[PDB]
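Remarks on the structure that follows.
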Amino acid sequence: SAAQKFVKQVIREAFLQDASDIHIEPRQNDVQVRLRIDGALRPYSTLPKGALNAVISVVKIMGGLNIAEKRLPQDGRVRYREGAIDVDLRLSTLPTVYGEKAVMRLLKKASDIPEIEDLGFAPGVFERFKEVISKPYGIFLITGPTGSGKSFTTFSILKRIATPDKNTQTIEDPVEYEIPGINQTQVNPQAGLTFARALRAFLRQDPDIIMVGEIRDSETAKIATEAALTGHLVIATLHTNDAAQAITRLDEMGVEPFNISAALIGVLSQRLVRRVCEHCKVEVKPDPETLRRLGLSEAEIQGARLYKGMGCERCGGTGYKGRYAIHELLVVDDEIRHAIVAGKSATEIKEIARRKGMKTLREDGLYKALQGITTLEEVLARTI
Amino acid sequence: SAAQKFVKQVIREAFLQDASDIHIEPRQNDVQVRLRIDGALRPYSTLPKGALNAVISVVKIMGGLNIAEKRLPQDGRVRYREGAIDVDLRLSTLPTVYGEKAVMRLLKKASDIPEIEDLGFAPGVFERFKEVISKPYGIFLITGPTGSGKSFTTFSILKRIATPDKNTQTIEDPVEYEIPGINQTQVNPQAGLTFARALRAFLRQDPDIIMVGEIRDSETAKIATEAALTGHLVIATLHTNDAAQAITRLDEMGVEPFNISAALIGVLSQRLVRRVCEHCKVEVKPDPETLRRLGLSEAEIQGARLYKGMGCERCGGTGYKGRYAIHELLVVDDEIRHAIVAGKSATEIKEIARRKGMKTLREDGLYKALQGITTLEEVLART
Amino acid sequence: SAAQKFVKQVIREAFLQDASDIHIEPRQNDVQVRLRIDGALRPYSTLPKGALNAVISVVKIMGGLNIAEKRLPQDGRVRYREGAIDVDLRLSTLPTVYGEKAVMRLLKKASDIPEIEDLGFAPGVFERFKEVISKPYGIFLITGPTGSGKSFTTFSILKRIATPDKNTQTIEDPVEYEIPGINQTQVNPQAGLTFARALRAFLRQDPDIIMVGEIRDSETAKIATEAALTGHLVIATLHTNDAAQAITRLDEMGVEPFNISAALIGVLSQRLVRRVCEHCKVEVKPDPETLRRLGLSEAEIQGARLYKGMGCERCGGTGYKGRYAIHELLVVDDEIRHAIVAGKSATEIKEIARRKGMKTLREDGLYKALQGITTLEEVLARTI
Amino acid sequence: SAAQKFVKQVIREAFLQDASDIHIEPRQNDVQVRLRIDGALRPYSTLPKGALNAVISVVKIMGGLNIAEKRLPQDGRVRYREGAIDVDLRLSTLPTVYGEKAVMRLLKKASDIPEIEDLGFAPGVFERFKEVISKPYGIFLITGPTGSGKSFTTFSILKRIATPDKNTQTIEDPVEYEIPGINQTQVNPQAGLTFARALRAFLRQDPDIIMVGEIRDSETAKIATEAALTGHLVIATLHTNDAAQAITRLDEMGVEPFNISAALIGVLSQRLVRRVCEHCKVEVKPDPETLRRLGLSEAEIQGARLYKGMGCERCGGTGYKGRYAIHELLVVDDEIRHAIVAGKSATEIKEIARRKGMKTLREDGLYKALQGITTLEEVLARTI
């Protein structure tokens, strides 16, 4: 049985205890159970070793995975609730040396959407954000966490452009982000309504603006891109953490390249870094070669200086004052179009867009790192 | 067919007697079934060559392997259970011209892992070790050959930091030691599940702590950097000639060196030397040129002594009881963050580190030899 | 039967006269039977075409193949013996327009394996090879085109460590050098047991030694080397004419140069220049042009007791008796490991290597010939 | 279906006349059965158009093709070696205004094997031919016409290297190009023994020398090349007309470029361009732009005149004095091996050899044109 009582109580308590995730953890004689309370995976409970495989089936059922299988890694998405307990969860299981692990990340439950300007965009990208959002066509991707970051911010563009004067529609399995002005297609793969098939249908639904809640597979990426091809703004949750990465990804997904070429217009990021404790910030020399190699706009290479917190009344034993959303706007002009199709790297696409002082997850990130807002280290982790 | 117990027992004994693995090894007429105790493949039992196949058929039974496919090796973690074992076995069966063969690596458990100091560090070298693993986030690199003790460190550090407050996950193609506080897994890069793909799995699985058994592709350093600095803490392992070289190599491997310039907290390099058995140690004098090259004074050279692991039953006939490593430790600061991004050579980085008080891998080796812990011959033979 | 005797007698003499193999094949009027005595297929006897099928049926019986299926290709193995003869035979057959062809190569046993110091070494080569066998872990890059002595070399290095107390695991197809106490594997790519799959198992066999008769492909190269990197000894076959080129190939076969700079012990580039038969040893000073092609110095020319392989009888008229592993030894020292980690080419490695004493195949083979071992015609055909 | 009566009157005459082809022509009321002889047709027999269709099925039958499908084109070939009938028939059908043309192309009698020097290669080619065979391993690939190029010349290579002391075998269907000292295989695709299968034995038998009469399977291309990887001298026929083409084609066959690149040591070609009278020569401009576009040595681009006959009692009647053997040797070095993987063009891969004085068909040809023996037009006719 339990097994199941751990999934259920770990979930209830994960939410009730202010955790960021749920774990039932395959172990040597047992299965450890942990909750990410205040960011830390504190012990919760224990199951006997085989109970582990029981808990991975439970979570697979919840989000469209192969329930029966007890040996292979899988992931999908769960909308879970129980009374006071109500969270969008990231579903994933993983075979371990003691059977598969059962994990449910707690994603921000819908929580609506932030705007682009709300991010506090550096003028390097903000003035250009206005440029890009004024152009309601092509694929316009968003980076970061499931729900939480990406699907949370994916519709950020839409909040700026899905105005009374534009047709917006989104495909989700099931719908979480009930956002204006969007038609939120509810994906039901068991009947053939995959995001992919729904996207082809989005064209049938005459989009000005097209959305994907999560581009989770090749048929979906292929079709999302087809959906952009006829001149519509395919805004989408791209399973990435870097704007330039979001751009190249369609090739990686096996998207038929004729669609890729006709589709991409730009990418939005706000990926978070640990924010340096500004008030006890430790001078750290950035390495300007680190910054150069990163491809930053010279002043932001040379006059740049790092900090790290030493620990503080404003960061605790982390060295960082909570978090900082790093800004980015990539813009796909004709030369970038060629770069995408050619399979150019995130560094190359970002480095190009970055010039003229344009902020990227790397340039804004590192730029702020270099003021003492974050640490170049963290930024680099954001933009690897 | 006594073979069923036979398989389970060679396995049982390999684990019981502290082997790293099990070998049901064929011969022209019989089978040399062995246990790798202290590194020696001790003869558990022979089998008639005909019984070889009965025995290998059994390892395929126990492992759920395609027992009918005599033309192929088959492999996986086998839940063999008898006496000493609840060790999982990396069963690998294989056809031979004598019939078939099978090997079972002992997937030691959490409870079997060594400490981070047990690795054999000099106090100041260890101080650096400790500082690096003690951070709440960031990455600790380990480097050297399998048999470098890299495993001891790899498993040990997580034993040390994989507490009940940090979900830990580990990426180990051979598994070897199934760490505490951890949801450790298999890799098999042939399947697409490379060591980097496994890091991505860990992140999907919300680890607070992530570890890489082998950096192969650049993603095993780059994702490791991500996790290390996306709020998680990371341990990761390479195969180099020094600590300094870990940095050199990651740049060379395609880790755009602003990665690691970023997460790298520090680097450990090591090599195991066989550890002289107390029932084998023989006093011999080490060579003055080597000793001098490794920093020993003339007065010390004349008083210098090595101990040779001559051989006894208490050490599996290897002459050495257990293993001990040669060490080098680097802590990352601004001098190093530059060197990392700059793509500096192992020599260039090592010299910076020596300025900072780091003993080199080879110098430290000598000093272990001089205590009779190992033999200088063994040190040199291992670096 | 005559067929049994045709097979018995050719094998009988194949062993006794030192053939590396037996070749029975149809020609336009008969079937020629040849022995690779001292490196070339001297004529042994012939048999009358219908006899091909009778004789070949017998060799198929020996190797376990389908007796007379002269319409489709096959392979297998036999444990052959007569007394004083004991050799396994390598069997494969080919349907031809004249009936079906076969080859029975002689599968040399452990008793036929040289020592390490015998692997083409000059006094200075062993001193340096001492340093090679003394390296902590890694791979021995034995290299050259088919027809060379690579299988002896792989076994010589292996034999040193090929014991009942070591996990000696070899790839042969079928097994030749049976050493009781070690595991010797026949690959089966038809089943899926490619050399690489076998090696994957070998790595999974927790080998002390991965000895590979043929680096068939990239995975085969890597996996054997993965053991080399992961604390084991690896002994294997490459196809180059420079030791520097062997390394270049190891790097170019997909074996990571960064890992190779750790995993590589040494390179044994060698070619079996055929040795001039003692009974045909006619002083020749080759063309004379080959004398200059191989680089002889005046001193070496004056001492050039170069002989022509006229054959006479010792290998029939094929020219030579005994073979010599011309040996270009590259000790993979820290400067070579550096050249490797740096991604250096065969030229660049060769320049460092020769600077460090890596006498080339051209120079060494040449010297062997000067010493009365071989003919420079063979050295030229055995170098680059 | 007789139909066949008219066709058979023709296979009799067509084979007797050394015709290039047998033409069952889909005409308006009837079917012509024509003979292409000495480069051009003459008619011989006539079927009704109803019989056209009968023959379309007949030739599809001979190749094991879909004989019911009288509307769509199909091909293959058959061993028509019935005494007086001694030429393979190339099976092809092709739909026209009155049904498919049914074709029985005469895959010209081997005309056996030249002793390669016999080709009359320019000295900078022949002496290099000799240089290539001095290193007897890997692939020595040859192109050119059936009966005057394909296996004609690859077997010429065997004739010059595959002595009785080498384990040498070929794959043909049927065997025609015969060499004493060598095994020659009949492929039996009917049994399932395709050229790939024939090669599987060639690889498995560990020969000194391997010959493929026609690289006619994915697996054939692959296996021949896999054998070459280990140093077997895989001489092979690639049924095309240019060495430069032959250098990269196996990749098209699905053959791993690792094995293709590692394998090659040289590739030849030959042509029959028509000669001119010389005595009654017509000056034709050796246009240097033609020659430059061709990539010829300046020795030929500028150092030249072409000569055409007048058609002309010393030619004829096309203005040319019979067939003129033109040759090529693309010697393969390390840079060429890099080019194989790259997939360099025929002009480029050919140009490299040409600039070394190694006259290619394009140079040896055009050279012979530019020397006034033939015209650039006839050579270009073949050096396309």
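Each chain of the structure tokens is named A, B, ... in the order shown, its residues numbered from 1; ligands are numbered from 1 in display order.
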Would you mind listing, as a PyMOL selection string, all residues of chain B that have at least one atom within 8 Å of chain A, where only C-alpha atoms are what counts? chain B and resi 77+109-110+136-137+164-167+175+178+180-186+201+204-206+208+222-223+225-231+256-259+261-263+334+337-338+341-342
File of the preceding selection, N, CA and C atoms, as a short mmCIF file (atom, residue, chain, number, x, y, z; two decimals), in the first residue's frame:
data_model
loop_
_atom_site.label_atom_id
_atom_site.label_comp_id
_atom_site.auth_asym_id
_atom_site.auth_seq_id
_atom_site.Cartn_x
_atom_site.Cartn_y
_atom_site.Cartn_z
N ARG B 77 22.75 -4.96 -13.54
CA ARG B 77 22.87 -5.12 -12.09
C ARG B 77 22.01 -6.25 -11.59
N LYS B 109 27.93 -1.13 -1.11
CA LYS B 109 26.84 -0.24 -0.76
C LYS B 109 27.29 1.01 -0.03
N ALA B 110 26.33 1.82 0.39
CA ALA B 110 26.61 3.06 1.10
C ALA B 110 27.48 2.83 2.28
N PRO B 136 28.32 25.18 0.29
CA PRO B 136 26.91 24.85 0.12
C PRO B 136 26.49 24.63 -1.34
N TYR B 137 27.34 25.11 -2.26
CA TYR B 137 27.15 25.05 -3.72
C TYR B 137 28.54 24.98 -4.36
N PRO B 164 20.99 13.33 4.81
CA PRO B 164 19.55 13.40 4.76
C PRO B 164 19.00 14.80 4.45
N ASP B 165 19.82 15.87 4.49
CA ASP B 165 19.32 17.20 4.15
C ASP B 165 19.62 17.61 2.71
N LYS B 166 20.30 16.74 1.96
CA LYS B 166 20.66 17.01 0.57
C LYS B 166 20.49 15.79 -0.35
N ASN B 167 19.37 15.73 -1.09
CA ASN B 167 19.19 14.57 -1.95
C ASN B 167 20.34 14.50 -2.85
N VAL B 175 28.89 1.56 -11.09
CA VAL B 175 28.31 1.79 -9.76
C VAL B 175 29.30 1.77 -8.58
N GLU B 178 27.29 2.14 -3.48
CA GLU B 178 25.98 2.78 -3.50
C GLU B 178 25.67 3.68 -2.29
N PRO B 180 25.33 6.79 0.83
CA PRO B 180 24.21 7.12 1.72
C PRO B 180 23.45 8.37 1.27
N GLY B 181 22.15 8.52 1.59
CA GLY B 181 21.53 9.81 1.28
C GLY B 181 21.48 10.03 -0.22
N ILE B 182 21.55 8.95 -0.98
CA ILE B 182 21.71 9.08 -2.39
C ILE B 182 20.89 8.13 -3.18
N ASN B 183 20.52 8.58 -4.35
CA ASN B 183 19.74 7.82 -5.27
C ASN B 183 20.56 7.62 -6.54
N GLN B 184 21.68 6.95 -6.32
CA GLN B 184 22.77 6.63 -7.25
C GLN B 184 22.33 5.77 -8.39
N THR B 185 22.84 6.01 -9.59
CA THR B 185 22.43 5.20 -10.73
C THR B 185 23.56 4.70 -11.66
N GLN B 186 23.11 4.03 -12.74
CA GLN B 186 23.88 3.40 -13.81
C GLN B 186 24.02 4.38 -14.97
N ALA B 201 19.27 14.00 -15.80
CA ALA B 201 18.27 13.23 -15.08
C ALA B 201 18.25 13.64 -13.64
N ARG B 204 16.31 16.71 -13.19
CA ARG B 204 14.86 16.45 -13.32
C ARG B 204 14.32 15.81 -12.03
N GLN B 205 15.21 15.14 -11.33
CA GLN B 205 14.98 14.46 -10.07
C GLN B 205 15.29 15.30 -8.82
N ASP B 206 15.53 16.61 -8.99
CA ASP B 206 15.76 17.59 -7.92
C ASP B 206 16.81 17.31 -6.85
N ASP B 208 19.98 17.83 -4.48
CA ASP B 208 20.66 19.01 -4.00
C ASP B 208 22.12 18.81 -4.36
N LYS B 222 30.14 20.81 -17.89
CA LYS B 222 29.30 21.97 -18.10
C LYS B 222 27.98 21.86 -17.34
N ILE B 223 27.32 20.70 -17.39
CA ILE B 223 26.08 20.52 -16.64
C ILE B 223 26.48 20.45 -15.19
N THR B 225 28.82 22.09 -13.89
CA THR B 225 28.93 23.51 -13.54
C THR B 225 27.54 24.08 -13.30
N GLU B 226 26.58 23.75 -14.17
CA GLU B 226 25.23 24.25 -14.00
C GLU B 226 24.71 23.87 -12.65
N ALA B 227 24.74 22.60 -12.35
CA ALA B 227 24.17 22.18 -11.11
C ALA B 227 24.92 22.83 -9.97
N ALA B 228 26.24 22.83 -10.07
CA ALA B 228 27.12 23.37 -9.05
C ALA B 228 26.78 24.79 -8.73
N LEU B 229 26.35 25.51 -9.73
CA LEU B 229 26.02 26.87 -9.56
C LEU B 229 24.60 27.27 -9.90
N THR B 230 23.67 26.31 -9.93
CA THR B 230 22.26 26.64 -10.14
C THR B 230 21.52 26.33 -8.87
N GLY B 231 22.30 26.34 -7.80
CA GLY B 231 21.85 26.14 -6.45
C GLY B 231 22.21 24.80 -5.86
N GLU B 256 33.63 25.09 -22.21
CA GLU B 256 34.10 26.43 -22.52
C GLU B 256 34.52 26.92 -21.17
N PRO B 257 35.80 27.23 -20.99
CA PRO B 257 36.47 27.36 -19.72
C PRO B 257 35.98 28.49 -18.82
N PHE B 258 34.96 29.23 -19.26
CA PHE B 258 34.31 30.14 -18.34
C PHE B 258 33.39 29.32 -17.40
N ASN B 259 33.14 28.08 -17.80
CA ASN B 259 32.42 27.11 -17.01
C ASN B 259 33.56 26.68 -16.17
N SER B 261 35.65 28.03 -14.53
CA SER B 261 36.18 29.30 -14.01
C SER B 261 35.14 29.75 -13.01
N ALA B 262 33.88 29.49 -13.39
CA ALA B 262 32.70 29.70 -12.60
C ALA B 262 32.58 28.76 -11.39
N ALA B 263 32.18 27.51 -11.61
CA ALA B 263 31.90 26.65 -10.47
C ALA B 263 33.07 26.08 -9.74
N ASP B 334 41.16 33.71 -7.33
CA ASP B 334 41.30 34.50 -8.54
C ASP B 334 42.46 34.08 -9.47
N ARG B 337 40.95 31.08 -11.15
CA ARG B 337 39.81 31.34 -12.03
C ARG B 337 40.32 31.86 -13.36
N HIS B 338 41.39 32.68 -13.33
CA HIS B 338 42.03 33.13 -14.55
C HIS B 338 42.61 31.96 -15.31
N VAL B 341 39.87 29.86 -17.08
CA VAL B 341 39.36 30.37 -18.34
C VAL B 341 40.40 30.52 -19.43
N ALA B 342 41.63 30.79 -19.04
CA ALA B 342 42.72 31.00 -19.95
C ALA B 342 43.15 29.73 -20.66
#
Test item: chain D residues at most 9 Å from chain C, counting only C-alpha atoms, as a ChimeraX atom specification: /D:134-138,164-167,169-175,178-194,197-202,204-208,226,229-232,258-259,262
Between D:303, D:149, D:295, D:316, which has the minimum distance to residue 346 in chain D (counting only C-alpha atoms)?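 Among D:303, D:149, D:295, D:316, it is D:295 that comes nearest to residue 346 in chain D.
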Could you go through range 107-196 of chain A and tell me which residues DSSP, when run on the backbone, assigns to helix (DSSP H, G or I), listing them as a ChimeraX atom specification? /A:117-119,123-133,150-154,156-161,189-191,195-196
Deliver the residues from the most recent selection as a file, using N, CA and C atoms, as an mmCIF file, in the first residue's frame.
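File produced: result-v5.cif:
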data_model
loop_
_atom_site.group_PDB
_atom_site.id
_atom_site.type_symbol
_atom_site.label_atom_id
_atom_site.label_comp_id
_atom_site.auth_asym_id
_atom_site.auth_seq_id
_atom_site.Cartn_x
_atom_site.Cartn_y
_atom_site.Cartn_z
ATOM 1 N N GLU A 117 8.458 44.128 -19.485
ATOM 2 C CA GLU A 117 8.993 45.324 -18.832
ATOM 3 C C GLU A 117 9.179 45.129 -17.320
ATOM 4 N N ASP A 118 8.293 44.323 -16.698
ATOM 5 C CA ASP A 118 8.299 44.020 -15.252
ATOM 6 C C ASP A 118 9.598 43.403 -14.792
ATOM 7 N N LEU A 119 10.314 42.790 -15.714
ATOM 8 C CA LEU A 119 11.557 42.152 -15.393
ATOM 9 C C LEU A 119 12.627 43.204 -15.083
ATOM 10 N N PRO A 123 18.252 48.645 -20.554
ATOM 11 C CA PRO A 123 17.905 49.348 -21.777
ATOM 12 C C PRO A 123 18.494 48.690 -23.009
ATOM 13 N N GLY A 124 19.598 47.954 -22.821
ATOM 14 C CA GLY A 124 20.251 47.236 -23.903
ATOM 15 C C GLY A 124 19.263 46.281 -24.563
ATOM 16 N N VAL A 125 18.337 45.743 -23.771
ATOM 17 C CA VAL A 125 17.320 44.845 -24.276
ATOM 18 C C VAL A 125 15.949 45.440 -24.179
ATOM 19 N N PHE A 126 15.699 46.360 -23.253
ATOM 20 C CA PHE A 126 14.335 46.840 -23.113
ATOM 21 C C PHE A 126 13.905 47.648 -24.288
ATOM 22 N N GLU A 127 14.783 48.496 -24.789
ATOM 23 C CA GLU A 127 14.343 49.302 -25.893
ATOM 24 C C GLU A 127 14.109 48.359 -27.072
ATOM 25 N N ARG A 128 14.912 47.300 -27.131
ATOM 26 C CA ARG A 128 14.786 46.322 -28.182
ATOM 27 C C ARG A 128 13.635 45.354 -27.862
ATOM 28 N N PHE A 129 13.205 45.255 -26.606
ATOM 29 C CA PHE A 129 12.046 44.424 -26.357
ATOM 30 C C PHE A 129 10.883 45.073 -26.969
ATOM 31 N N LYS A 130 10.805 46.391 -26.836
ATOM 32 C CA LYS A 130 9.700 47.111 -27.423
ATOM 33 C C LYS A 130 9.736 46.899 -28.940
ATOM 34 N N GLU A 131 10.948 46.922 -29.512
ATOM 35 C CA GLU A 131 11.125 46.656 -30.937
ATOM 36 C C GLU A 131 10.530 45.295 -31.305
ATOM 37 N N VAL A 132 10.909 44.270 -30.564
ATOM 38 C CA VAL A 132 10.467 42.922 -30.869
ATOM 39 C C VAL A 132 8.988 42.650 -30.595
ATOM 40 N N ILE A 133 8.455 43.107 -29.471
ATOM 41 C CA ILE A 133 7.048 42.832 -29.188
ATOM 42 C C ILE A 133 6.119 43.585 -30.157
ATOM 43 N N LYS A 150 9.493 29.184 -16.986
ATOM 44 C CA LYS A 150 9.044 29.193 -18.366
ATOM 45 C C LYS A 150 7.586 29.297 -18.596
ATOM 46 N N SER A 151 6.749 28.393 -18.095
ATOM 47 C CA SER A 151 5.369 28.531 -18.585
ATOM 48 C C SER A 151 4.791 29.732 -17.842
ATOM 49 N N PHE A 152 5.379 29.998 -16.678
ATOM 50 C CA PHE A 152 5.101 31.162 -15.858
ATOM 51 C C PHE A 152 5.399 32.443 -16.628
ATOM 52 N N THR A 153 6.536 32.503 -17.293
ATOM 53 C CA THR A 153 6.948 33.662 -18.060
ATOM 54 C C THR A 153 6.689 33.529 -19.548
ATOM 55 N N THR A 154 6.362 32.350 -20.045
ATOM 56 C CA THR A 154 6.175 32.198 -21.481
ATOM 57 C C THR A 154 5.156 33.157 -22.018
ATOM 58 N N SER A 156 4.522 35.919 -20.949
ATOM 59 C CA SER A 156 4.937 37.289 -20.638
ATOM 60 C C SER A 156 4.861 38.107 -21.875
ATOM 61 N N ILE A 157 5.268 37.484 -22.959
ATOM 62 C CA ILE A 157 5.226 38.144 -24.223
ATOM 63 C C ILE A 157 3.783 38.408 -24.517
ATOM 64 N N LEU A 158 2.951 37.400 -24.282
ATOM 65 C CA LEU A 158 1.535 37.511 -24.538
ATOM 66 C C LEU A 158 0.921 38.560 -23.660
ATOM 67 N N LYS A 159 1.367 38.698 -22.438
ATOM 68 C CA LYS A 159 0.744 39.729 -21.649
ATOM 69 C C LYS A 159 0.994 41.083 -22.325
ATOM 70 N N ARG A 160 2.179 41.257 -22.924
ATOM 71 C CA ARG A 160 2.478 42.492 -23.639
ATOM 72 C C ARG A 160 1.748 42.595 -25.002
ATOM 73 N N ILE A 161 1.527 41.463 -25.701
ATOM 74 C CA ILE A 161 0.932 41.546 -27.047
ATOM 75 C C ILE A 161 -0.456 40.898 -27.261
ATOM 76 N N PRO A 189 -3.462 13.532 -25.543
ATOM 77 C CA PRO A 189 -2.700 12.644 -26.408
ATOM 78 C C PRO A 189 -3.322 11.279 -26.607
ATOM 79 N N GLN A 190 -4.055 10.794 -25.605
ATOM 80 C CA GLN A 190 -4.679 9.480 -25.655
ATOM 81 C C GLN A 190 -5.715 9.377 -26.776
ATOM 82 N N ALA A 191 -6.189 10.531 -27.235
ATOM 83 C CA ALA A 191 -7.171 10.653 -28.290
ATOM 84 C C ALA A 191 -6.562 11.188 -29.579
ATOM 85 N N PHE A 195 0.302 17.842 -28.277
ATOM 86 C CA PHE A 195 0.497 19.266 -28.492
ATOM 87 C C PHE A 195 0.721 19.486 -29.964
ATOM 88 N N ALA A 196 1.498 18.596 -30.556
ATOM 89 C CA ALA A 196 1.790 18.585 -31.960
ATOM 90 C C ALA A 196 0.580 18.646 -32.831
#
Just the residues within 10 Å of residue 120 in chain D, please, counting only C-alpha atoms, with nothing from its chain fewer than 6 positions along; format it as number ranges by chain. D: 126, 324-327, 364
Could you list, as a PyMOL selection string, every residue within 7 Å of residue 283 in chain B, counting only C-alpha atoms and ignoring same-chain residues fewer than 3 positions away? chain B and resi 305-308
Please save N, CA, C and O atoms of the selected residues as a CSV table (one decimal), in the first residue's frame.
chain,number,residue,atom,x,y,z
B,305,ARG,N,63.7,5.6,4.1
B,305,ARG,CA,63.4,4.2,3.9
B,305,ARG,C,62.0,4.0,3.3
B,305,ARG,O,61.1,4.7,3.6
B,306,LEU,N,61.9,2.9,2.5
B,306,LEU,CA,60.7,2.5,1.8
B,306,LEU,C,60.3,1.2,2.4
B,306,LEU,O,61.2,0.5,2.9
B,307,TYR,N,59.1,0.9,2.4
B,307,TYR,CA,58.8,-0.5,2.8
B,307,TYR,C,58.2,-1.2,1.6
B,307,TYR,O,57.3,-0.7,1.0
B,308,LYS,N,58.7,-2.4,1.3
B,308,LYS,CA,58.3,-3.2,0.2
B,308,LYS,C,57.3,-4.2,0.7
B,308,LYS,O,57.4,-4.9,1.7
Hey, what does DSSP flag as strand (DSSP E) within range 107-169 of chain B? Can you give it to me as a tab-separated table (two decimals) with C-alpha atoms, in the first residue's frame?
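Output file out-v7.tsv is given in full below:
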chain	number	residue	atom	x	y	z
B	107	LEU	CA	28.37	-2.95	-6.20
B	108	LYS	CA	29.39	-2.18	-2.71
B	109	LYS	CA	26.84	-0.24	-0.76
B	138	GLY	CA	29.89	24.77	-6.41
B	139	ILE	CA	32.15	21.98	-7.74
B	140	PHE	CA	34.95	19.71	-6.39
B	141	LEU	CA	36.95	18.00	-9.16
B	142	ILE	CA	38.67	14.64	-8.62
B	143	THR	CA	41.16	13.20	-11.04
B	168	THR	CA	22.15	13.22	-3.62
B	169	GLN	CA	22.37	11.52	-6.95
Tell me, as an NGL selection string, which residues lie within 12 Å of range 80-86 of chain D, counting only C-alpha atoms; anything in the same chain fewer than 5 positions away does not count. :D and (8-19 or 59 or 62-63 or 91 or 104-111 or 147 or 173-176)
Could you write those residues out with C-alpha atoms, as an mmCIF file, in the first residue's frame?
data_model
loop_
_atom_site.group_PDB
_atom_site.id
_atom_site.type_symbol
_atom_site.label_atom_id
_atom_site.label_comp_id
_atom_site.auth_asym_id
_atom_site.auth_seq_id
_atom_site.Cartn_x
_atom_site.Cartn_y
_atom_site.Cartn_z
ATOM 1 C CA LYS D 8 15.958 -14.334 -80.335
ATOM 2 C CA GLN D 9 16.784 -13.809 -84.043
ATOM 3 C CA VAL D 10 18.412 -10.728 -82.630
ATOM 4 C CA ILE D 11 20.153 -12.137 -79.612
ATOM 5 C CA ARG D 12 21.692 -14.443 -82.157
ATOM 6 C CA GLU D 13 22.764 -11.661 -84.489
ATOM 7 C CA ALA D 14 23.466 -9.046 -81.788
ATOM 8 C CA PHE D 15 25.758 -11.278 -79.866
ATOM 9 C CA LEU D 16 27.412 -12.457 -83.150
ATOM 10 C CA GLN D 17 27.971 -8.823 -84.246
ATOM 11 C CA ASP D 18 29.477 -7.747 -80.881
ATOM 12 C CA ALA D 19 26.516 -5.390 -80.517
ATOM 13 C CA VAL D 59 13.082 -9.004 -69.629
ATOM 14 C CA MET D 62 14.985 -12.561 -66.540
ATOM 15 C CA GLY D 63 15.959 -10.224 -63.684
ATOM 16 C CA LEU D 91 17.808 -5.544 -67.928
ATOM 17 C CA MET D 104 18.693 -6.314 -73.179
ATOM 18 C CA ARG D 105 21.941 -4.305 -73.097
ATOM 19 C CA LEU D 106 25.011 -6.213 -74.048
ATOM 20 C CA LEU D 107 27.344 -6.079 -71.073
ATOM 21 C CA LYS D 108 30.250 -6.647 -73.387
ATOM 22 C CA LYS D 109 32.393 -9.683 -73.079
ATOM 23 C CA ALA D 110 35.088 -9.006 -70.548
ATOM 24 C CA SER D 111 37.818 -8.898 -73.200
ATOM 25 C CA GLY D 147 34.443 -5.303 -71.467
ATOM 26 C CA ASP D 173 28.598 -12.787 -61.652
ATOM 27 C CA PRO D 174 29.489 -14.810 -63.735
ATOM 28 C CA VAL D 175 33.254 -14.877 -63.581
ATOM 29 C CA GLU D 176 34.871 -13.554 -66.745
#
When distances are computed from only C-alpha atoms, which of B:268, B:2, B:332, B:14 shows the smallest separation from residue 37 in chain B?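 Residue with the minimum atom-to-atom distance to residue 37 in chain B: B:14.
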